[PDB]
Amino acid sequence: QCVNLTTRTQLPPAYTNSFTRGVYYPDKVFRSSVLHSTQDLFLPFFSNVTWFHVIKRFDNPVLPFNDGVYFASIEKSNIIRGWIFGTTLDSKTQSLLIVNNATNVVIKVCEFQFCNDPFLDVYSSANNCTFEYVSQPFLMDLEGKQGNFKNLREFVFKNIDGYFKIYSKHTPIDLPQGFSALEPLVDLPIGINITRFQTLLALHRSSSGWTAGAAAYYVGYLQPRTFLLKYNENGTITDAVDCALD
Amino acid sequence: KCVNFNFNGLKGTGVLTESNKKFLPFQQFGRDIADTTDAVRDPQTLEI
Amino acid sequence: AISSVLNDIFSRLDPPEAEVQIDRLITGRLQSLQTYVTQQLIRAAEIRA
Amino acid sequence: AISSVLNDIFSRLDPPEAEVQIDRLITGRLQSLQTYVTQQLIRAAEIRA
Amino acid sequence: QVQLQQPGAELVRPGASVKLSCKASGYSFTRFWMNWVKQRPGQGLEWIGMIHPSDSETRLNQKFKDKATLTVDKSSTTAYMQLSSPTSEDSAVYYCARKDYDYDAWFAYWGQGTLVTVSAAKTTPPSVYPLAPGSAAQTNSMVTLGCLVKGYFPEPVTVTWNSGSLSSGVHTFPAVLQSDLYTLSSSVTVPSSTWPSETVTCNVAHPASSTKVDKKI
Amino acid sequence: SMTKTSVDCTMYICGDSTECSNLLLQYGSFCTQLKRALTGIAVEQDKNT
Amino acid sequence: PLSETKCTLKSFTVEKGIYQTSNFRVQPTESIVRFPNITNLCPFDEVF
């Protein structure tokens, strides 16, 4: 709570370069073998995403939400349990906490009291909210796995006109490469001001005696873009051309 | 049969035929290469 | 206009308000044909020579 | 427009409302006049050859 | 409860025209389409045609072109089917069915059935004779009786036991065509307490000629 | 010779709605000239062969 | 169709040649309105 981890310390923002990644379906309308030009907040080609690592060095800074959220992580054992979305990080305003118990993803917009460094092995109490959401049930193993890394989750979080949308894509594969087209998942009509964001961290042990797992995750920022989208006969995006890149 | 359509408030005129194309389950409707509505999802049940 | 569908002008806007917006959409479709047919007459003159 | 006569716009509608309906006809007459100058000049090029 | 109604049997000569009736009730007549199903015994089901009743537009099979003519009546909510010059292979069992369209097309409701016999024969009233053994060897505790139904046209005929009193222990046998006539028998097995108490009679109702023959065993 | 095309006034401008064709008759001969110009191209494309 | 030739050309006499008249009109018969089955009423009387 008030005492952070031993591995939690200061680390510079080494950065990598996303290549073709960050392209999603701009609408749900089917289009086949045509060129479609639209304008929305996209992840730009030739950009800088900041390289983060969880393991004796761990960094979890607080970045602003207003430049857009692009999320990519390679992990087998699912160390990241969700995110913390707030403004002044107290119970005086509305805040969003996405948490997963590995069965259902709990999405609640309510008044949430926050400490400096919450742990998961977060909030004392919550009141004055009418919003509760229960997602679809599933089963995932939270234990360790062996072999090559089979899981890549690419999430794009944005707020457009008071509507918070979550785009989900899962594909098998510390530098990612290749092109993938994201799919829509849920639509949340929340409509609150969220300035900054935080992440959640699962801990295991065989305050500072707990040990985080070994994974990595990426975060950059979005920006207005006029991409060109190539459509196949099956209705998927196999190629993406930026309007202003080269 | 050529009849007037009203699909979830959106109108149209045409016939209803079978669909061999695979679509997204979240898709309300879709467009052709000529940018007119060639396909629709039923509001009550999931049908293409 | 707000929408380019002729069924979406009548079913949404007022019947005084739709008759302005239907007349904007027809005039845009008349001027698209004034560019096309004038182009086909000039290419008919180039293919005549 | 409601009336195609320019004297029937000035003798009926309001002077804010008459300036819309007169400008709808002159927009319609100059599109029909520019179409006639375009079609005669293409026939002037065919009679030149 | 939407139920389609058809008459039982129709009779037509080859070369003439026959008309059938399918009556719909409980639902609006112009909101569905009407299908006609032909059943020949041993071949299976065959598809005649499908008609939109509101537009009066027809869809027909390629083999069945110009044999059938489909018309509807929107005032009486009754669909019709008209056949032109039937043959000896056209004698079959005709059905009508409402097709409810949601995604795939199924057959929701059906009619009572219509058997059309195509032949030049004339309607013959039946000749019913009783069948009695006349004696007993006392080797069984129950009594077997029967009736003999011959010399009638068209098939089917309604054969009941004491105006439908005994619904158990009865057997219905199919008719055999010999010399433009039909012959079928029936059997019953009653216990020995019933037979001196009640008299078993042959009740045969011919629906075509409207003639009921009552013969006692 | 070139590719002979024909443009309909009713199907291109209107979506087969009753409110579109009522305001189309007030515009009159605008697409009558554009239909007969493309007809006069298609006669002269057969004369070139 | 002799009378349909005079209506498009706006003339009393018809010369020798092929003329274009009109287009096909297929009248719609029925109307299809697809609406999902919801037994819940909206609570607009709470806020009003």
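Would you please name the residue that is surrounded by the most Cβ atoms within 10 Å (Cβ to Cβ), looking only at residues in segment A:67-94 that are of a type in the set (S, T, N, Q) and over 16 Å from A:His170 (Cα atoms)? Out of the qualifying residues, it is A:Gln94. Looking only at residues in segment A:22-74 that are more than 14 Å from chain B (Cβ to nearest Cβ), of a type in the set (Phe, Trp, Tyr) and not in a strand (DSSP E or B), the one that is farthest from A:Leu222 (Cα to Cα) is A:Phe46.
The criterion of at least 1 residues that are out of contact with any strand residue (DSSP E or B) (no Cβ under 9 Å at 6 or more places or on another chain) and either more than 26 Å from A:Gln1 (Cα to Cα) or within 14 Å of chain B (Cβ to nearest Cβ) (or both) is met by none of the strands (runs of 3 or more DSSP E) wholly inside segment A:172-246.
In chain D, what residues are of a type in the set (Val, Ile, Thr), within 12 Å of chain C (Cβ to nearest Cβ) and within 20 Å of the chain's Cα centre (by Cα)? Write out each step before concluding.
Taking chain D first, the residues of a type in the set (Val, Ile, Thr) are D:2, D:5, D:9, D:20, D:22, D:26-27, D:35, D:37-38, D:42, D:47.
This time we only want the ones that are within 12 Å of chain C (Cβ to nearest Cβ), so: D:2, D:20, D:27, D:35, D:37-38, D:42, D:47.
The answer is D:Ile2, D:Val20, D:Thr27, D:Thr35, D:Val37, D:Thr38.
Between E:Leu45, E:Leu20, E:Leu11, the distinction of being in a strand (DSSP E or B) and loosely packed, with under 13 Cβ neighbours inside 10 Å belongs to E:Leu45 only.
If A:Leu201 passes every condition in (1) more than 19 Å from A:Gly82 (Cα to Cα); (2) crowded, with 17+ Cβ neighbours inside 10 Å but one, which one does it miss? Only one criterion in (1) more than 19 Å from A:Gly82 (Cα to Cα); (2) crowded, with 17+ Cβ neighbours inside 10 Å is unmet by A:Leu201, namely (1).
Answer yes or no as to whether A:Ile190 is β-branched (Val, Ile, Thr), over 16 Å from the mean Cα position of the chain (by Cα) and surrounded by 12 or more Cβ atoms within 10 Å (Cβ to Cβ). Answer is yes for this residue.
Per this entry, B:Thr45 is counted among residues that are assigned to a loop (DSSP other than H, G, I, E, B) and within 9 Å of another protein chain (Cβ to nearest Cβ). Of the residues making up segment B:17-42, those that are more than 7 Å from every other protein chain (Cβ to nearest Cβ), touching a strand residue (DSSP E or B) at 6+ places or on another chain (Cβ under 8 Å), assigned to a loop (DSSP other than H, G, I, E, B) and not basic (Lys, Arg) number 2. Of the candidates E:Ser179, E:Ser197, E:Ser209, E:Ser187, the single residue that is among the hydroxyl-bearing types (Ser, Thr, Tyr) and on the phi > 0 side of the Ramachandran plot is E:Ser179. So, of the residues in segment E:81-112 that are surrounded by fewer than 16 Cβ atoms within 10 Å (Cβ to Cβ) and within 15 Å of the chain's Cα centre (by Cα), which turns out to be farthest from E:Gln5 (Cα to Cα)? Going through the qualifying residues, I end up with E:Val93.
When E:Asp73 is tested against (1) surrounded by 13 or more Cβ atoms within 10 Å (Cβ to Cβ); (2) under 18 Å from E:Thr117 (Cβ atoms), exactly one condition is not met: (2).
FYI, it's all coordinate maths here, none of it is from the lab. All Cβ positions, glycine included, derive from the backbone under ideal geometry; neighbour counts span all protein chains shown.
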